[PDB]
Structures are given as C-alpha cells and as structure tokens.
Amino acid sequence: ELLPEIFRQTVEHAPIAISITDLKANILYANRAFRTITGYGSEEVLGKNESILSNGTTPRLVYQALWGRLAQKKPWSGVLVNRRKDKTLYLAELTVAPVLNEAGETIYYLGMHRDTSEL
Amino acid sequence: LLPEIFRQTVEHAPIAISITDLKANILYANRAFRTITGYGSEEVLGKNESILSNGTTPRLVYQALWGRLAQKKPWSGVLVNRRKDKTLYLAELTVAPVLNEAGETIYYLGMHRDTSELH
Ligand SMILES: Cc1cc2nc3c(=O)[nH]c(=O)nc-3n(C[C@H](O)[C@H](O)[C@H](O)COP(=O)(O)OP(=O)(O)OC[C@H]3O[C@@H](n4cnc5c(N)ncnc54)[C@H](O)[C@@H]3O)c2cc1C
Ligand SMILES: Cc1cc2nc3c(=O)[nH]c(=O)nc-3n(C[C@H](O)[C@H](O)[C@H](O)COP(=O)(O)OP(=O)(O)OC[C@H]3O[C@@H](n4cnc5c(N)ncnc54)[C@H](O)[C@@H]3O)c2cc1C
C-alpha cells in the first residue's frame, strides 16, 4: 500500500477543480481549486447541485449529452460556460466520470474541470 | 467518502499525477500520466521520473525542483519532457512533498499538464 489517505490530500490540493456528487449531482465534496474557480466556500458548497454553475444559458442538448453518457456508465467531456458566485462567466472544459462499484453499478460522479480563461 | 473514492478520483483526473519514493521511483501513475508519457500501467511502475528528462530542459531546472522538495517545499515551473515514443512536450509541472503528521516526507507528488497540441 501506498498509504491510502494520500489520495484525498492529493485531490484536495490538485490544481484542477474537482467535485464528487451523488447520483443526483448534489455535491458531496469539492476541492480547494473548485472553491477558488467557482467562488463558493467550504461549508456553503456542500449539498448544492452542480447546476449552481450554470449560467442558465447552456443548451439543453449539451446536458442531455453529458447525462446520456453517464446513464451508459461512461465518461463525458465537453465545454460549457459556467458562472462563478460573483456572476462572472468562464469557458469550462468539463469531464464527468461515473465511479462504479464491484458490480459495475454507478455509485458517485466525478466532476473535474479547468477554467480556460486567461484573464 | 471512503479512500477508494479519492483513489478513483486521482486515477481519472484530467491532469498527469505521479507519486514517487524519495528518489523519484514511480509508485503510482494515473491514466493521464500514462497517456501523456506513453508508459503503460505495468512498465511505468518500474520507471523513475528521470526517464522523462532530456536535454531541451536546462539541468538547473532539475536542481531547482529538487532543492525545493528537499526543504519540504513545492516547486512549480516548466520543463520539456520526453515520451516513450521519443516526442517531446512542454509540461507545466508542480512537485510537492507528501508529509506525515510529524511533518516528515513520505512520498513526492508530481502533477503536470501537457501543453502540446500536435501529438
Ligand atoms: C458530476 C457532475 C458535474 C457537473 N458539472 C456541471 C458544471 O460544471 N456546469 C453545469 O452547468 N452543469 C454541470 N453538471 C450538470 C448539472 O448537474 C445539471 O444537470 C445542469 O447544470 C442543468 O441543470 P438545470 O437545473 O440548469 O437544467 P435541467 O432542466 O434540470 O437539466 C437540463 C438537462 O440535463 C439532463 N438532466 C438533468 N438532470 C438529469 C438527471 N438527474 N438525469 C439525467 N439527465 C438529467 C436532461 O437532459 C435535462 O433536460 C454536472 C453534473 C455532474 C453529475
Ligand atoms: C515527483 C517528481 C516528479 C518529477 N517530474 C519530472 C518530470 O516531469 N520531468 C523530468 O524530466 N524530471 C522530473 N523529475 C525530476 C527527476 O527526478 C530528475 O531529477 C530529472 O529527470 C533529471 O534526471 P537525470 O537522469 O538527469 O537524473 P539526476 O537528477 O541526475 O539524478 C539521478 C537520479 O537520482 C534521482 N535524484 C535526483 N536528485 C535527487 C535527490 N536530490 N535525492 C535522491 N534522488 C535524486 C533522479 O530522479 C535520478 O533517478 C521529477 C521528480 C520528482 C520527485
């Protein structure tokens, strides 16, 4: 073993925005980069849905594509315009991936994104 | 969330992540690392990070990175790495000590992005 608790610490400080959600997309965990990019804090992010990031201007068919891959237990990648807490907007390169149990069943989702702005 | 979920998170993160012993032998590499560097899941666990080195990168960069890690401090900068297929890529790399509860180094962590577009 690598000591197992090094993985959480690695997530926490990785320089990519990372959230982990239940099957509803309610946020169970978010790392520091997520907090820095999106603007939401440590206590306030928990239990909110990912949709909080949408500047309600993403076409429904982008999301349909994202959820369509998830329902097939496959990852998806795309770009979308997200909104920070301060209402500024950024082009997000988003990957979402299912976490599968031994049986091949989805038990969480991983949301992992970069903010592609150069300021 | 159990530690396995964070290991899965690291494994699927869209940034190269490697964890090494204190002489930079790779003990763990995620999918992005293996894809970017060209080393597969078995052979990469017999490599050292030095297999990425190459002469486009000034040697003082390697001295810089080590001089910070040995102080228990991170280093962030840029270097040119060599893949298994012998192509080269400009990487933006952060390395950090992984510390136990007494503040002593137990592993090193590397996280990098591949800035290439023509590979
Ligand atoms: C891990 C993860 C990360 C995500 N990151 C983002 C992000 O960074 N930015 C962002 O805008 N959104 C993100 N989402 C998608 C987000 O959860 C919402 O579905 C989305 O923002 C649209 O929500 P709405 O309330 O605006 O539209 P809604 O009308 O609620 O959803 C729009 C469409 O998405 C699909 N859909 C929504 N909910 C579900 C469901 N539970 N199951 C199957 N299909 C569904 C449907 O096609 C629906 O028409 C992420 C989801 C996951 C799981
Ligand atoms: C986590 C991590 C990630 C790294 N990522 C990269 C990367 O992406 N690209 C890259 O080219 N290099 C990377 N390095 C640096 C790498 O360890 C080498 O220093 C570098 O590749 C030059 O290799 P070299 O053959 O000239 O070996 P030298 O640096 O000459 O060192 C000789 C050998 O000893 C090891 N080493 C070097 N310094 C020390 C020391 N102070 N203590 C013990 N062992 C040491 C080296 O890795 C190598 O195996 C990373 C190092 C670490 C710890």
# chains A, B, ... in the order shown; residues from 1 in each chain; ligands from 1
>>> residues_near_ligand(ligand="ligand 2", cutoff="6 Å", atoms="only C-alpha atoms and all ligand atoms", output="ChimeraX atom specification")
/B:19-20,23-24,48-50,52-53,62,66,81,95,108-110
>>> residues_near_ligand(ligand="ligand 1", cutoff="9 Å", atoms="only C-alpha atoms and all ligand atoms", output="number ranges by chain")
A: 18-27, 49-68, 70-71, 80-83, 92-98, 108-113
>>> write_last_selection(atoms="C-alpha atoms", output="tab-separated table (two decimals), in the first residue's frame")
chain	number	residue	atom	x	y	z
A	18	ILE	CA	-12.80	18.59	-8.58
A	19	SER	CA	-16.20	17.74	-7.12
A	20	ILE	CA	-17.73	14.44	-6.20
A	21	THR	CA	-21.53	14.11	-6.29
A	22	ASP	CA	-24.24	11.63	-5.51
A	23	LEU	CA	-26.34	10.29	-8.41
A	24	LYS	CA	-28.33	13.42	-8.38
A	25	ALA	CA	-25.44	15.73	-8.86
A	26	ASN	CA	-25.61	17.03	-5.31
A	27	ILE	CA	-22.12	17.95	-4.25
A	49	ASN	CA	-26.29	20.79	-7.06
A	50	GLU	CA	-23.74	21.27	-9.94
A	51	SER	CA	-26.40	23.19	-11.78
A	52	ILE	CA	-25.42	26.16	-9.48
A	53	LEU	CA	-22.53	26.57	-12.03
A	54	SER	CA	-24.70	27.03	-14.96
A	55	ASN	CA	-25.34	30.44	-16.35
A	56	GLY	CA	-28.71	29.08	-17.33
A	57	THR	CA	-27.56	29.62	-20.91
A	58	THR	CA	-26.21	26.06	-21.70
A	59	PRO	CA	-28.41	24.43	-24.38
A	60	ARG	CA	-30.41	21.52	-23.02
A	61	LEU	CA	-28.89	19.21	-25.60
A	62	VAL	CA	-25.36	19.75	-24.14
A	63	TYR	CA	-26.64	18.45	-20.81
A	64	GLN	CA	-28.62	15.73	-22.41
A	65	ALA	CA	-25.37	14.53	-23.98
A	66	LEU	CA	-23.47	14.72	-20.69
A	67	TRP	CA	-26.22	12.76	-18.72
A	68	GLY	CA	-26.64	10.36	-21.66
A	70	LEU	CA	-23.41	8.92	-17.58
A	71	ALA	CA	-26.57	6.69	-17.91
A	80	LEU	CA	-19.57	24.74	-21.28
A	81	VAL	CA	-19.96	28.23	-19.95
A	82	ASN	CA	-20.05	28.22	-16.18
A	83	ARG	CA	-20.97	31.04	-13.76
A	92	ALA	CA	-15.11	25.31	-18.55
A	93	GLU	CA	-13.52	22.28	-20.03
A	94	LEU	CA	-15.54	19.70	-18.01
A	95	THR	CA	-15.04	15.94	-17.63
A	96	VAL	CA	-17.65	13.92	-15.70
A	97	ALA	CA	-16.99	10.29	-14.90
A	98	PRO	CA	-19.01	7.61	-13.05
A	108	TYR	CA	-20.91	8.53	-7.43
A	109	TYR	CA	-19.97	11.02	-10.16
A	110	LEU	CA	-16.72	12.89	-10.51
A	111	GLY	CA	-16.90	16.45	-11.95
A	112	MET	CA	-13.45	17.69	-12.95
A	113	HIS	CA	-12.84	20.94	-14.77
>>> interface_residues(of="chain B", to="chain A", cutoff="12 Å", atoms="only C-alpha atoms", output="ChimeraX atom specification")
/B:1-21,26-30,74,76,92-101,105-113
>>> write_last_selection(atoms="C-alpha atoms", output="PDB file, in the first residue's frame")
ATOM      1  CA  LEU B   1     -16.400   9.111   1.277  1.00  0.00           C
ATOM      2  CA  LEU B   2     -14.023   6.238   1.552  1.00  0.00           C
ATOM      3  CA  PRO B   3     -10.378   6.477   0.484  1.00  0.00           C
ATOM      4  CA  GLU B   4     -11.065   4.247  -2.598  1.00  0.00           C
ATOM      5  CA  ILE B   5     -13.249   7.074  -3.979  1.00  0.00           C
ATOM      6  CA  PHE B   6     -10.318   9.531  -3.830  1.00  0.00           C
ATOM      7  CA  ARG B   7      -8.021   6.940  -5.415  1.00  0.00           C
ATOM      8  CA  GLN B   8     -10.552   6.635  -8.266  1.00  0.00           C
ATOM      9  CA  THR B   9     -10.670  10.422  -8.446  1.00  0.00           C
ATOM     10  CA  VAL B  10      -6.900  10.673  -8.854  1.00  0.00           C
ATOM     11  CA  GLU B  11      -6.939   7.826 -11.301  1.00  0.00           C
ATOM     12  CA  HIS B  12      -9.447   9.646 -13.581  1.00  0.00           C
ATOM     13  CA  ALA B  13      -8.278  13.202 -13.138  1.00  0.00           C
ATOM     14  CA  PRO B  14      -7.516  15.055 -16.332  1.00  0.00           C
ATOM     15  CA  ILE B  15      -4.045  16.088 -15.268  1.00  0.00           C
ATOM     16  CA  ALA B  16      -0.980  13.838 -15.099  1.00  0.00           C
ATOM     17  CA  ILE B  17      -0.366  12.642 -11.497  1.00  0.00           C
ATOM     18  CA  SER B  18       2.501  10.508 -10.288  1.00  0.00           C
ATOM     19  CA  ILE B  19       3.561   9.583  -6.721  1.00  0.00           C
ATOM     20  CA  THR B  20       7.124   8.550  -6.113  1.00  0.00           C
ATOM     21  CA  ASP B  21       9.515   7.357  -3.434  1.00  0.00           C
ATOM     22  CA  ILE B  26       7.304   5.985  -9.596  1.00  0.00           C
ATOM     23  CA  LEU B  27       4.997   4.101  -7.239  1.00  0.00           C
ATOM     24  CA  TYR B  28       1.671   5.271  -8.770  1.00  0.00           C
ATOM     25  CA  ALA B  29       0.654   6.975 -12.044  1.00  0.00           C
ATOM     26  CA  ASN B  30      -2.865   7.922 -13.129  1.00  0.00           C
ATOM     27  CA  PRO B  74       6.823  22.592  -3.513  1.00  0.00           C
ATOM     28  CA  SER B  76       6.190  24.843  -9.832  1.00  0.00           C
ATOM     29  CA  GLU B  92       3.826  22.740 -16.660  1.00  0.00           C
ATOM     30  CA  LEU B  93       4.795  20.720 -13.575  1.00  0.00           C
ATOM     31  CA  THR B  94       4.182  21.100  -9.842  1.00  0.00           C
ATOM     32  CA  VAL B  95       6.016  18.776  -7.458  1.00  0.00           C
ATOM     33  CA  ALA B  96       5.368  18.661  -3.719  1.00  0.00           C
ATOM     34  CA  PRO B  97       6.375  16.666  -0.686  1.00  0.00           C
ATOM     35  CA  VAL B  98       3.755  14.386   0.803  1.00  0.00           C
ATOM     36  CA  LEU B  99       4.186  14.773   4.572  1.00  0.00           C
ATOM     37  CA  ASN B 100       3.106  12.610   7.507  1.00  0.00           C
ATOM     38  CA  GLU B 101       1.551  14.078  10.677  1.00  0.00           C
ATOM     39  CA  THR B 105       8.385  13.448   3.865  1.00  0.00           C
ATOM     40  CA  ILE B 106       6.914  10.058   2.972  1.00  0.00           C
ATOM     41  CA  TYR B 107       6.481  10.414  -0.845  1.00  0.00           C
ATOM     42  CA  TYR B 108       6.787  13.041  -3.560  1.00  0.00           C
ATOM     43  CA  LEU B 109       3.840  14.091  -5.729  1.00  0.00           C
ATOM     44  CA  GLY B 110       4.115  15.270  -9.325  1.00  0.00           C
ATOM     45  CA  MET B 111       1.190  16.841 -11.182  1.00  0.00           C
ATOM     46  CA  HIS B 112       1.576  18.228 -14.709  1.00  0.00           C
ATOM     47  CA  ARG B 113      -0.171  19.264 -17.852  1.00  0.00           C
TER      48      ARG B 113
END
>>> atom_distance(atom1="CA of residue 117 (chain B)", atom2="CA of residue 40 (chain B)")
21.2 Å
>>> select_by_dssp(residues="chain B", states="strand (DSSP E or B)", output="NGL selection string")
:B and (16-20 or 25-29 or 48 or 75-82 or 88-99 or 105-114)
>>> select_by_dssp(residues="region 5-82 of chain B", states="alpha helix (DSSP H)", output="PyMOL selection string")
chain B and resi 5-12+31-37+59-69
>>> closest_residue(among="A:69, A:106, A:115, A:47", to="residue 91 (chain A)", atoms="only C-alpha atoms")
A:115
